[PDB]
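Protein chains in written order, with the numbering used here: chain A, 2 to 117; chain B, 12 to 194; chain C, 110 to 209; chain D, 5 to 115; chain E, 267 to 294; chain F, 5 to 52; chain G, -11 to 63. Here a beta-carbon is modelled for each residue, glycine too, at the ideal position from N, C-alpha and C.
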RNA sequence: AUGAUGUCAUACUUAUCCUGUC
RNA sequence: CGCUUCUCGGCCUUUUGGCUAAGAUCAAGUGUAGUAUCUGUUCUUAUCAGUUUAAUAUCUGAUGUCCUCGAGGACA
């Protein structure tokens, strides 16, 4: 599930503004569609007021390109370091950057490769 | 193949009921004969509208319910309000409700057979034509005259009104009891 | 009716076979589909009650136990003097419920 | 519990704050030792999910049986455990769709 | 010297060059 | 440019009322309201 | 079940009333059947989330500039 | 400023209905 | 006559006595038909002919040649 409609998103934002942040059970008792963990994940993913959902620049693209090679896995560790902190915009930006840019005898051999 | 509105109005004996949409029918003579009947009712005004006769009252806020005097004189509304205030029993009487339902029964204001429901039907509280010589109570109160209304003293000097020439008002050419001082 | 707007009645010629109602549809009217004021009994058609089609309910179509009757509101509105209201068609009802 | 989670918090912020890894040269030697050992034993690489496999449905039933036998035993619940049991039952009802879901997740969702 | 309101209760550089130097060495 | 709103409202429709001083109307409802208006009645009273 | 749903609907109505009092929305109006109705948008709202979502589509606040210019000729 | 088609939730009604089988 | 401080009164904010594991937790509805209400998006097309509509609306068809970027120029 978890379609995350706009009328549910406004109700979740009102519940986060009214009830609190560290009370996930109190916010899940006024929606009748998701659980407390799903509501907390939505509040930390899309309903967070500090999430930069737009303005993808070249400095952040160069920061993410110079970080995916140092750590290939663990995209959640590079979520708050890059500045996106959405845990899904980083993978989407990596997919966009990958799609747009696509469009003993062995040693003895190399030893004689330099001597020849 | 379709006659004009002037030709349909000149041929009809009662041309005060012809409309602009009646020329687009398949038989205007039968429609003009049926629309000029004695006890016929016209069609609703939602035939050309696009609001489906129920979307025009958007911002109009009205009262919840207007109860009659036969229900208000039983004390059930105050007991229901007290029960709603306590929740947010009475047992007043059993024969008084039967008396208010049978003996103290008020006949409501019905309507005529041709009195169809209009669109608004609340801002056009029209009533006959209270003319010259006949006025309502309260406006008597604002006027404050004890049992002529005093500007029919000046209907002496300046003359009978152009607007209602047939006029007679008391004491002048009309030789009056209660409210009505002219006919 | 109520339970089914796409259902069509038989409206055949009235015979001498008295109609019956099933145990699951007992007390329900045929035209008015009410539970109070029974005034006239239900009569079935001759082709609608023959062999295995006899003793079946008019509305429910199951095993009829008690005799069916028409509502008084349908009797005063002359809705009971029509043809035999046997349920012939069965659409959008008890079809997907058999799969579950 | 609160103390040891705080301890892991401090160590994780440390091991990312300093980048103090596992001595890159020794790391490279370890990776090379592993590559050489695996080649010497000549182990084949493990194939990714064979989509029409004879192995597939049988493996999925075995894993779901273990998951059911653990997560439900007898007459307890939650709401999270309820959704878990429900998805388990749906998998045991429409197995090929579940194998499709698993394959799509394992090849897609790297979060 | 005034006490403000208190409603909070529920009722370095973060990068090191050694990790990148280890990752590039592992890639090489 | 509210093209759909003017199309649904009935704008840019050819209509003319010769009784109301030969004026033009941009809709059929506007032509029906212009035939019974102050200017149309004034022109009818001035015509006799 | 049903009583828990009634209590949740009452808590949601109270939270919507508190949010409308905090944000000071002058277009939110209550109906006589337990629903909301927008005065500026001149449309109906089925639930409390419907009136709380009428801030991106059909922005009637930008259409009040003509009434503000008619009320006051100066800026 | 209604209205238009349109992908997409949300409420409401039908006293709708859960043992149906060869 | 003007100014500084102090007091008294007419009055326009917020305001629960604590701590333990945030003190500890959860929050079920099925199908057949059908309707309503929200949101988002599309028609400045000019003219004529036909279908269509209460009238609209809508739908269906097209008109000279050359060059340049629907518009402009030249020729018949």
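Pull the bridge partners of residue 147/C from the DSSP assignment, please. Answer is 180/C.
Would you mind working out which of 141/C, 169/C, 126/C sits nearest residue 185/C, comparing C-alpha positions? The shortest C-alpha separation from residue 185/C is found at 141/C.
Suppose you measure from the CA of residue 173/C to the CA of residue 130/C; what does that come to, to the nearest Å? If you take the alpha carbons of residue 173/C and residue 130/C, they lie about 5 Å apart.
Counted within 10 angstroms of its Cβ, other Cβ atoms place residue 31/B as buried (16 or more) or exposed: Taking all protein chains in view, the Cβ of residue 31/B is surrounded by fewer than 16 other Cβ atoms within 10 Å, so the residue is classified as exposed.
For residue 43/D, does the three-state DSSP call read helix, strand or coil? Reduced to three states, the DSSP call for residue 43/D is helix.
Suppose the cutoff is 8 Å on Cβ atoms and the five residues either side in sequence are ignored; what does the same chain contact list for residue 130/A look like? Missing from the structure shown is residue 130/A; chain A here goes from 2 to 117 and no further.
Anything in chain E within Cβ reach of residue 21/D, meaning under 9 Å, just list it in chain order. Going along chain E in sequence order, the residues near residue 21/D (Cβ under 9 Å) are 278, 279, 280, 281, 282.
N-terminal and C-terminal residue of the beta strand (DSSP E) that residue 20/F is part of: Segment 19 to 21, the beta strand (DSSP E) holding residue 20/F.
DSSP-derived helix/strand/coil call for residue 285/E: If DSSP states are grouped into helix, strand and coil, residue 285/E belongs with the helices.
What number of angstroms, rounded off, separates the C-alpha of residue 42/B from the C-alpha of residue 125/B? Each residue's alpha carbon lies about 18 Å from the other.
Is the beta carbon of residue 19/F sitting closer than 8 Å to the one on residue 35/F? Their beta carbons are under 8 Å apart, which means residue 19/F touches residue 35/F by this criterion.
Test item: CB-CB of residue 146/C and residue 180/C under 8 Å: Yes; because the gap between Cβ atoms is below 8 Å, this pair is in contact.
Work out the CA separation of residue 179/B and residue 23/F for me, nearest whole Å. Whole-angstrom Cα-Cα distance: 39 Å.
Rounded to whole angstroms, what's the CA-CA distance from residue 83/B to residue 4/G? Just pull it up for me. The straight-line gap from Cα to Cα measures roughly 35 Å.
Run down chain B in chain order and give the residues with a C-beta less than 8 Å from the C-beta of residue -2/G. From the beta-carbon of residue -2/G, no residue of chain B is found nearer than 8 Å; the closest lies around 11 Å away.
Identify each residue in the segment 30 to 46 of chain G for which the Cβ-Cβ distance to at least one residue of chain B is less than 8 Å, and report them in chain order. Those residues of the segment 30 to 46 of chain G that come within reach of chain B (Cβ to Cβ, closer than 8 Å) are 30, 31, 32.
Residue 67/B at chain G interface by Cβ criterion, 8 Å: So no, residue 67/B is outside the interface.
Verify whether the separation of the beta carbon atoms of residue 30/G and residue 70/B is less than 8 Å. Cβ atoms of residue 30/G and residue 70/B: closer than 8 Å.
Report yes if the CB atom of residue 195/C is closer than 8 Å to the CB atom of residue 134/C, and no otherwise. Taking 8 Å as the cut-off, the Cβ atoms of residue 195/C and residue 134/C do not count as close.
Per the DSSP calculation, residue 31/G is bridged to which residue(s)? DSSP, once it has assigned bridges, lists 26/G as partnering residue 31/G.
Cross-strand partners of residue 193/C (DSSP beta bridge): Answer is 121/C, bridged to residue 193/C.
Any Cβ of chain G within less than 8 Å of the Cβ of residue 37/A? Chain G places no beta carbon closer than 8 Å to that of residue 37/A, leaving this residue out of the contacts.
For the segment 149 to 169 of chain C against the segment 19 to 39 of chain D, do three or more pairs of beta-carbon atoms, one drawn from each stretch, fall closer than 8 Å, so that the two count as touching? No, they do not touch.
Between which two residues does the beta strand (DSSP E) containing residue 97/B stretch? Residue range 87 to 98 is occupied by the alpha helix (DSSP H) that includes residue 97/B, with no beta strand (DSSP E) assigned at that position.
Would you say residue 31/D faces chain A, with C-beta separation under 8 Å as the test? So no, residue 31/D is outside the interface.
What number of angstroms, rounded off, separates the C-alpha of residue 141/B from the C-alpha of residue 54/B? Straight-line Cα distance between these residues: approximately 29 Å.
Please tell me whether residue 70/A has its Cβ less than 8 Å away from any Cβ of chain G. Closer than 8 Å: no.
Three-way DSSP call (helix, strand, coil) for residue 15/G in this model: In this structure, residue 15/G counts as coil in the three-state DSSP scheme.
Buried or exposed for residue 85/A, going by 16 or more other Cβ atoms inside 10 Å? Residue 85/A is classed as buried because its beta carbon has at least 16 other beta carbons within 10 Å across all chains shown.
Cβ-based neighbour list, residue 41/F, same chain, cut-off 8 Å, excluding 5 preceding and 5 following: Excluding residues within five positions, the ones whose Cβ falls inside 8 Å are 24.
Compute the distance between the beta-carbons of residue 156/C and residue 121/C, then report whether it is under 8 Å. Between residue 156/C and residue 121/C, the gap from beta carbon to beta carbon is short of 8 Å.
Please check the pair residue 81/B and residue 115/B, which I expect to be a contact at CB under 8 Å, by giving their CB distance rounded to whole angstroms. The C-beta distance from residue 81/B to residue 115/B rounds to 6 Å, short enough to meet the 8 Å contact threshold.
Identify the continuous beta strand (DSSP E) that holds residue 9/D and give its terminal residues. Careful: residue 9/D lies outside any beta strand (DSSP E), inside the alpha helix (DSSP H) at 6 to 21.
With 16 other CB atoms within 10 Å as the buried threshold, where does residue 193/B fall? Around the beta-carbon of residue 193/B, 16 or more other beta-carbon atoms lie within 10 Å, marking it buried.
Would you kindly work out how many angstroms separate the C-alpha atoms of residue 88/A and residue 106/D, rounded to a whole number? Using only the alpha carbons, I get a separation of about 21 Å.
Report back the beta-carbon spacing between residue 23/B and residue 29/B to the nearest angstrom; my notes put them in contact at under 8 Å. A Cβ-Cβ separation of about 6 Å places residue 23/B in contact with residue 29/B under the 8 Å criterion.
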